[PDB]
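J.: Structure below; questions to follow.
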Amino acid sequence: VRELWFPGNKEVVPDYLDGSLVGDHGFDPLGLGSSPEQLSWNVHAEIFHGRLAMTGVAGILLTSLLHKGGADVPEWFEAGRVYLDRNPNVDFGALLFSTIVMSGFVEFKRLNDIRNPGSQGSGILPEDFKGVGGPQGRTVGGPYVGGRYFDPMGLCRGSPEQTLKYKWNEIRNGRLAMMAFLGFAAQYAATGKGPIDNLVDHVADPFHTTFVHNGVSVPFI
Amino acid sequence: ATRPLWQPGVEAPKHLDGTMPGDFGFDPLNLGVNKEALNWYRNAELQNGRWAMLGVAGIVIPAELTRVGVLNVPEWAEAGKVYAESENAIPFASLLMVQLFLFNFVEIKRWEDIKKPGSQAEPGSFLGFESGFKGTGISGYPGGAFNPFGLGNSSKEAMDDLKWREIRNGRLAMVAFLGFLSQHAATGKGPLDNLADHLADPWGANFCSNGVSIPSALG
Amino acid sequence: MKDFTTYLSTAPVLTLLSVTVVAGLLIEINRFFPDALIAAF
Amino acid sequence: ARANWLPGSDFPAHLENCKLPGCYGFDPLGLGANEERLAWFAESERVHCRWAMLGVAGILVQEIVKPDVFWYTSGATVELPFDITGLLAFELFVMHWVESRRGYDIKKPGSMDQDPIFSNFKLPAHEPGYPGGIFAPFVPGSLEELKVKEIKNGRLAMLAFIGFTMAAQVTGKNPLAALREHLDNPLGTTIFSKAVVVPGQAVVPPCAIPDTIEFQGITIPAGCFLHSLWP
Amino acid sequence: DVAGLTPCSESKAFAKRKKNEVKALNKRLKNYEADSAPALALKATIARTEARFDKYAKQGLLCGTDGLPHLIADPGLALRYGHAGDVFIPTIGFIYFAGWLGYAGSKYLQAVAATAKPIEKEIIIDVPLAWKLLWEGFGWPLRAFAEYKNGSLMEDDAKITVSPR
Amino acid sequence: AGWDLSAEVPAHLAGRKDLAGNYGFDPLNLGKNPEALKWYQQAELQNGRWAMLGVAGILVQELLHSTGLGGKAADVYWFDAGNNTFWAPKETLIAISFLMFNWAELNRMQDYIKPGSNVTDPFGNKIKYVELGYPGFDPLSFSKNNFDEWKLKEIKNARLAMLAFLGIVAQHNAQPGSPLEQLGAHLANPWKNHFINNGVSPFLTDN
Ligand code: CLA
Ligand SMILES: CC(/C=C/C=C(C)/C=C/[C@@]12O[C@]1(C)C[C@@H](O)CC2(C)C)=C\C=C\C=C(C)\C=C\C=C(C)\C=C\[C@@]12O[C@]1(C)C[C@@H](O)CC2(C)C
Ligand SMILES: CC1=C[C@H](O)CC(C)(C)[C@H]1/C=C/C(C)=C/C=C/C(C)=C/C=C/C=C(C)/C=C/C=C(C)/C=C/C1=C(C)C[C@H](O)CC1(C)C
Ligand SMILES: CC1=C[C@H](O)CC(C)(C)[C@H]1/C=C/C(C)=C/C=C/C(C)=C/C=C/C=C(C)/C=C/C=C(C)/C=C/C1=C(C)C[C@H](O)CC1(C)C
Ligand SMILES: CC1=C[C@H](O)CC(C)(C)[C@H]1/C=C/C(C)=C/C=C/C(C)=C/C=C/C=C(C)/C=C/C=C(C)/C=C/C1=C(C)C[C@H](O)CC1(C)C
Ligand SMILES: CCCCCCCCCCCCO[C@@H]1O[C@H](CO)[C@@H](O[C@H]2O[C@H](CO)[C@@H](O)[C@H](O)[C@H]2O)[C@H](O)[C@H]1O
Numbered sequence: 006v007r008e009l010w011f012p013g014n015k016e017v018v019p020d021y022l023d024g025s026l027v028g029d030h031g032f033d034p035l036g037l038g039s040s041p042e043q044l045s046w047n048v049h050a051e052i053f054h055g056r057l058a059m060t061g062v063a064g065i066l067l068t069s070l071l072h073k074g075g076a077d078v079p080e081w082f083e084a085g086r087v088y089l090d091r092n093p094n095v096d097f098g099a100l101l102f103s104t105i106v107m108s109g110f111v112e113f114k115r116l117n118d119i120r121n122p123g124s125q126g127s128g129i130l131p132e133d134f135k136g137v138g139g140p141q142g143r144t145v146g147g148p149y150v151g152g153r154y155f156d157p158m159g160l161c162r163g164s165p166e167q168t169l170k171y172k173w174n175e176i177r178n179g180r181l182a183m184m185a186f187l188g189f190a191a192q193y194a195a196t197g198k199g200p201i202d203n204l205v206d207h208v209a210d211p212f213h214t215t216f217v218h219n220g221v222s223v224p225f226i
Numbered sequence: 029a030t031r032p033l034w035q036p037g038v039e040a041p042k043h044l045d046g047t048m049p050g051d052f053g054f055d056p057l058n059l060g061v062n063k064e065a066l067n068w069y070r071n072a073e074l075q076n077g078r079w080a081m082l083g084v085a086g087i088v089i090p091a092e093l094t095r096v097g098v099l100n101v102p103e104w105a106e107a108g109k110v111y112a113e114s115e116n117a118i119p120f121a122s123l124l125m126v127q128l129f130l131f132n133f134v135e136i137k138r139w140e141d142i143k144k145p146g147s148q149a150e151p152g153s154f155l156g157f158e159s160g161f162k163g164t165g166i167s168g169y170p171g172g173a174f175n176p177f178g179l180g181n182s183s184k185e186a187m188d189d190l191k192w193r194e195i196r197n198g199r200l201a202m203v204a205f206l207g208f209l210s211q212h213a214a215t216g217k218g219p220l221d222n223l224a225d226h227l228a229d230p231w232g233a234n235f236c237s238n239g240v241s242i243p244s245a246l247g
Numbered sequence: 020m021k022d023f024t025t026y027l028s029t030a031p032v033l034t035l036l037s038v039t040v041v042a043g044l045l046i047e048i049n050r051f052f053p054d055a056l057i058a059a060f
Numbered sequence: 035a036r037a038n039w040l041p042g043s044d045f046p047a048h049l050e051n052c053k054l055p056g057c058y059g060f061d062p063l064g065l066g067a068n069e070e071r072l073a074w075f076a077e078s079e080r081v082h083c084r085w086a087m088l089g090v091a092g093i094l095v096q097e098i099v100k101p102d103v104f105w106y107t108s109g110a111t112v113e114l115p116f117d118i119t120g121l122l123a124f125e126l127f128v129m130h131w132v133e134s135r136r137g138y139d140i141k142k143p144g145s146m147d148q149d150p151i152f153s154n155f156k157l158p159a160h161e162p163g164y165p166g167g168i169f170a171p172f173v174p175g176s177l178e179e180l181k182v183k184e185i186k187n188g189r190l191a192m193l194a195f196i197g198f199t200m201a202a203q204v205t206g207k208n209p210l211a212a213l214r215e216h217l218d219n220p221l222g223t224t225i226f227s228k229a230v231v232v233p234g235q236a237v238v239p240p241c242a243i244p245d246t247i248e249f250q251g252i253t254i255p256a257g258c259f260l261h262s263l264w265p
Numbered sequence: 318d319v320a321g322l323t324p325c326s327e328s329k330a331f332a333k334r335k336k337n338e339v340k341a342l343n344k345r346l347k348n349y350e351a352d353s354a355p356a357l358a359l360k361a362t363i364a365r366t367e368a369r370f371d372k373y374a375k376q377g378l379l380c381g382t383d384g385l386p387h388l389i390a391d392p393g394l395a396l397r398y399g400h401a402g403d404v405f406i407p408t409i410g411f412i413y414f415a416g417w418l419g420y421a422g423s424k425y426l427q428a429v430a431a432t433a434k435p436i437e438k439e440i441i442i443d444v445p446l447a448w449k450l451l452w453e454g455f456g457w458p459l460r461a462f463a464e465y466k467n468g469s470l471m472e473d474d475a476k477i478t479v480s481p482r
Numbered sequence: 030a031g032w033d034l035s036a037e038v039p040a041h042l043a044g045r046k047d048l049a050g051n052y053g054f055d056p057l058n059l060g061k062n063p064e065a066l067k068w069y070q071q072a073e074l075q076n077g078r079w080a081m082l083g084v085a086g087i088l089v090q091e092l093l094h095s096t097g098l099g100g101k102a103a104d105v106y107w108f109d110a111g112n113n114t115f116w117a118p119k120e121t122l123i124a125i126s127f128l129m130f131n132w133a134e135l136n137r138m139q140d141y142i143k144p145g146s147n148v149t150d151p152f153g154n155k156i157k158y159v160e161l162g163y164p165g166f167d168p169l170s171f172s173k174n175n176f177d178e179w180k181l182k183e184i185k186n187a188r189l190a191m192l193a194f195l196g197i198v199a200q201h202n203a204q205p206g207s208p209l210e211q212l213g214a215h216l217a218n219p220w221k222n223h224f225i226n227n228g229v230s231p232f233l234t235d236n
């Protein structure tokens, strides 16, 4: 049928993963999405995590590249402290409260859309914020929100093949970005340097600059 | 039915529907499930909103005038003490008892009106003034003596709009008074002073830096 | 997944989790606000 | 048609039967898949073409007439007859009027075709993005070939402007000055001669534009476009 | 002074107790280094002890002949002498939280009692329903008073089973 | 659509051709309710006429103060009229104004409640009523013909005067001198003096 996360072995592939979902490879050994509503919730969480990880990884990479060039851009693991230091008039609690409030407003809009697929496409919002659906055969709401604001270029409007290709691109890049952020955290905790720093130090000296020489992954070495 | 709700996408509870002014389907605690309890809470909301509106007006307008220069009055938290040290100042206990004695009569009469709207219109109750004590059918909206200018009497929809404006203003004033209390307790300054201090440096002057809202033990 | 969540909703599991959460909250309250003999507001 | 951006390839489905001028079937990302978006992008491309043509011509003429003035820093080194604030406000007001009229004409074809002051004058019927009438008092040749010429020249002008800004940020000289510098040593003045990256070392040309520029009493950033990303 | 009690601020026994506790802690601290873990722990304990004694003396607590704080459990007596936070306010706080938990449990039991299989709902709790009822239990005073004045908070004596005397 | 060729009339203003200066301008839909629009029309007429009188007075007084025609009373800024001394103090004048305005405004309100009712004076004199916001005080009989055109002129001049008064107050709170002095200071360059460099409106520029 479709490519699996483990060639052959159809027993490990769950029944609820029939291949209709984007990025479906039958991966669910722990059965964390056995329930239907749990599967829908996990789909929303996965796409949201992928987009958030892509944004964070892109920002971290760009800041690390700027820091290497000599710009007054701090590293990702110290950007918050640095900004708080150059701006002593900004209260940390105030910034946290503002972030929580604004994120709460948008997250509540998304949450209500999750509860009711097409309930936010009216009132104080146009029909564009109603969603186009997709997962679980839905035709409204979901993580894929079309419209003229979340898709100004209209890449998903016209030719379903292009829409499917872009959706696969998005999910694959999101998973890759999630793994990239995990690697960023592990590398910072082991070597204490940024991503670009680790990459340049490794390219300069391939052998002697692996995870075994950081002194953290392999303790006795 | 399809009127705006407090949380878009969430269906309003069946016990609220959409007839009372200010009905936005907001009842996460399901406090107004009982009809009698809902009616009592509606009357309580109207009373609290009107009293809060009067208090917030008497606290903001005099403060705004004082800031300009005309009409010099003390800050609302010190107004009670300022009058106490006056020469012919009435004792606090006597003043409070007189106010409570008058309020006892008026509030008990309003209480009887809540149980039965046409209660106070009983013939012979007063010296011919009971005729003007008949409500409009809903407790909390008594015409006659009250509403001497007859605003909103042109039609039923006109009165409904005014009721919505009254409920929104009352709720806003209630929240404003709670804010006044919290602001003065956290910062020993007036509302206008707090507003002016916040605009000067919003990121450095707010509830996160007053030292009271956020406990110092956590930090 | 449904059966697992149903098992987690059983009386013993919920009782232990609730007791653990309440105990943890009380421990942290006493850690940040220790020696609270009276209700000083 | 036979004119393709990639000979031997196949035009995209949405770009087939494309009547837009200068349509050579170039759309790898499929940005013109939607019909409405295609028209909006066509108007955007035409306006970009004309603006880039005007800008490139102006920069070249300014360099020829005044070779001692750097076009990149001309915004803060020209000595304005008026004031920068008043000039910006006047330009913003008139630009808002004209741009709003044009955009609304695109949204609704014949909505912005009547003179508001003189009721007797009205722009004749035309196609979106091509006003005509009083705007085109002289047409030397057929409209289709001239439209193709305009689109091609505009695309070339946009690429020319990008090359101008990049050469100014890398060499700090004017367009013709950089061209003369490249002519004096073609094998040493190319981007491959100044920049090169290898697994272990990277040579990035230094910025020829100051980090910050002082205008009037304030400071303006004006540095390099993603210098850290330069090869 | 309420019942022959002296404020802890002016109590000599209170100060002597604080001094003795700090003295014992310092005696134990003397057998360690200056920056070692036991030394830091003992110093933290000393700081906590001093802060506790200072807070008790500053809060206005009353101390007896033994030098230990005493609580006044009597409205009026505690309200006029500034001791409402000893038992009065804690009483209100408890009553509120206890009623909250009790009302939440009562509502959950009554809601699941209408289900076709209530015993299973009792051994296998409905987490979403329990969460909603726990949140609704915060308005327990208003709800309880409304139910009492409504007559739905009680069961008729003629409908409750009773022994044959 | 009159105020914007790309906009649409908010429906409640499409079938209302009897309103002076009806350009379909109501982006906030404040006049959707017929009663609300009826009250807003009277409010607009009152504000516009009062603004016309006030702006004309301020302009004439400042013109006489600058060129030099009025006595010591005119030789003063409009906002500084309190320094002048008249026949009665400020309190007496304010009280007299309150009483006279109470009488006139109550007559107008009675007419608003029931148009055509209050139209007779205590001495029996009567006038012909012609629409609500137009009581008929036309001693020159200028409304006999082209009434719609005349009221359109009135509404446009009223709106212009309202904007003029708002601008005068804003300029006074942001720029020094009289409105005519501000106009002259502007016309002096005028590429530098234009609220952008006043140091008050932008706020973000030079604090
Ligand atoms: C939090 C991020 C996240 C979330 C919510 C999901 C969610 C989902 N994934 Mg996905 N995945 C992710 C990250 C995520 N994934 C990453 C980073 C990769 C790259 C390795 C993949 C690769 C992948 C494949 C190949 C497939 C899926 C599939 C699915 C769907 C079915 C699986 C399921 O139901 O279990 C739900 C998953 C969770 C509830 C996450 C549980 C996390 C556990 C509890 C923590 C342990 C994680 C890790 C081992 C420990 C590191 C933590 C520590 C170091 C800090 C589901 C909607 C299948 C599918 O059909 O796609 C639609 C499928 O074929 N995923
Ligand atoms: C969201 C995310 C990262 C987002 C990062 C952000 C916003 C970073 C933000 C900032 O950096 C900037 C930009 C600037 C900095 O100065 C400050 C911060 C604030 C730091 C990563 C998620 C990262 C998420 C990851 C890595 C998830 C991995 C999950 C896996 C592998 C699960 C696999 C399985 O679950 C399945 C699928 C099926 C099951 O049955 C079996 C198992 C095996 C359990
Ligand atoms: C709805 C609901 C339902 C659901 O279900 C649940 C929940 C959530 C709970 C909810 C909510 C609620 C709320 C919010 C409440 C609040 C209230 C208030 C605030 C009130 C006030 C209220 C308020 C008020 C009355 C007030 C009043 C005031 C006053 C008189 C004042 C007075 C004064 C003055 C003048 C001056 C002087 O010098 C001082 C004084 C003496 C001070
Ligand atoms: C088509 C497509 C589709 C597919 O699918 C995908 C993709 C690939 C994405 C695509 C492509 C794209 C592209 C290529 C783009 C580009 C563009 C440009 C370049 C623009 C410019 C554009 C440009 C422009 C406008 C420019 C302009 C200019 C100007 C005005 C100038 C001005 C000036 C002058 C005169 C002089 C002075 O002293 C200075 C200044 C002021 C400076
Ligand atoms: C339409 C609409 C609708 C949509 O939907 C929305 C929106 C947009 C909101 C809108 C708009 C609105 C507006 C604009 C308004 C405004 C108004 C005004 C400005 C008024 C004034 C108004 C104004 C006024 C009355 C004024 C008046 C004045 C006066 C009397 C003056 C007096 C005087 C004089 C003679 C002289 C002296 O020495 C001083 C004095 C004593 C001071
Ligand atoms: C079948 C049984 C399992 C076979 C594989 C087991 C491998 C698992 C990890 C083994 C490493 C852990 O054991 C580790 O041994 C190394 C190698 O001697 C010791 O290392 C020591 O000797 C090495 C070289 O011999 C020196 O360079 C080093 O300075 C010294 O510390 C570590 O101190 C000890 O921690």
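Residue numbers (the entry's author numbering), protein chains in the order written: chain 7, 6 to 226; chain 8, 29 to 247; chain J, 20 to 60; chain 6, 35 to 265; chain F, 318 to 482; chain 4, 30 to 236.
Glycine included, every Cβ here is placed at the ideal spot set by N, Cα and C.
Are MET81 (chain 4) and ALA190 (chain 4) touching if we call contact CB-CB under 8 Å?
T.: On the sixth sequence, residue 81 (chain 4) is found 52 positions in, with the first residue counted as 1. On the sixth sequence, residue 190 (chain 4) is found 161 positions in, with the first residue counted as 1. The answer is yes: Cβ separation under 8 Å.
J.: Here's the rule I'm using: 16 or more other beta-carbon atoms within 10 Å means buried, otherwise exposed. How should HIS213 (chain 7) be labelled?
T.: By one-based count along the first sequence, residue 213 (chain 7) stands at place 208. Burial call: exposed.
J.: State yes or no: is the beta carbon of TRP220 (chain 4) nearer than 8 Å to at least one beta carbon in chain 6?
T.: Sequence index remark: in the sixth sequence, residue 220 (chain 4) carries index 191 (1-based). So yes, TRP220 (chain 4) belongs to the interface.
J.: Can you tell me where the alpha helix (DSSP H) holding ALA236 (chain 6) begins and where it ends?
T.: As a first step, residue 236 (chain 6) must be located in the fourth sequence, where it is residue number 202. From DSSP, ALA236 (chain 6) is part of no alpha helix (DSSP H) but of the beta strand (DSSP E) over 235-237.
J.: Considering only C-alpha positions, which residue in the set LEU130 (chain 7), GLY147 (chain 7), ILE129 (chain 7), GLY128 (chain 7) is nearest to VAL137 (chain 7)?
T.: Mapped onto the first sequence, residue 137 (chain 7) falls at position 132. The option with the nearest alpha carbon to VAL137 (chain 7) is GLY147 (chain 7).
J.: Given a cut-off of 8 Å, decide if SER35 (chain 4) and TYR138 (chain 6) are closer than it, judged by their beta-carbon atoms.
T.: The residue given as residue 138 (chain 6) occupies position 104 in the fourth sequence. The residue given as residue 35 (chain 4) occupies position 6 in the sixth sequence. Contact flag set, yes.
J.: Please decide whether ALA99 (chain 7) counts as near chain 8, where near means a Cβ-Cβ distance under 8 Å.
T.: Taking the first sequence and counting its residues from 1, the one referred to as residue 99 (chain 7) is at position 94. Yes, its Cβ sits closer than 8 Å to a Cβ of chain 8.
J.: In whole angstroms, what separates the C-alpha of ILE118 (chain 6) from that of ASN208 (chain 6)?
T.: Here residue 118 (chain 6) refers to the residue found at position 84 of the fourth sequence. Here residue 208 (chain 6) refers to the residue found at position 174 of the fourth sequence. Spanning the two alpha carbons is a distance of roughly 24 Å.
J.: Which residues, in order along the stretch 109-123 of chain 6, keep a beta-carbon less than 8 Å from a beta-carbon of chain 4?
T.: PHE116, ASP117, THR119, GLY120, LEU121, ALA123
J.: For the beta strand (DSSP E) that contains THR253 (chain 6), what are its first and last residues?
T.: Here residue 253 (chain 6) is taken as the residue at index 219 of the fourth sequence, counted from 1. Here the beta strand (DSSP E) through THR253 (chain 6) covers 252-254.
J.: When you compare each of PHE53 (chain 7), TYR193 (chain 7), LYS15 (chain 7) to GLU83 (chain 7) by their alpha carbons, which one comes out closest?
T.: On the first sequence, position 78 is the one that residue 83 (chain 7) refers to. Of the listed residues, the one whose Cα sits closest to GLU83 (chain 7) is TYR193 (chain 7).
J.: Along chain 6, in chain order, which residues have C-beta atoms closer than 9 Å to that of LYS135 (chain 7)?
T.: Start at 1 with the first residue of the first sequence, and residue 135 (chain 7) comes out as number 130. The premise fails here: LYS135 (chain 7) is roughly 18 Å from chain 6 at the closest Cβ pair, so nothing lies under 9 Å.
J.: Are there 16 or more other CB atoms within 10 angstroms of the CB of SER124 (chain 7), so buried, or fewer, so exposed?
T.: The residue labelled residue 124 (chain 7) in the question sits at position 119 within the first sequence. Answer is buried; the Cβ neighbour count reaches 16.
J.: Figure out for me which residue from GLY60 (chain 4), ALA65 (chain 4), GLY83 (chain 4) has the closest Cα to the Cα of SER182 (chain 8).
T.: Here residue 182 (chain 8) corresponds to residue number 154 of the second sequence, with the count starting at 1. Closest option to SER182 (chain 8), Cα to Cα, is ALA65 (chain 4).
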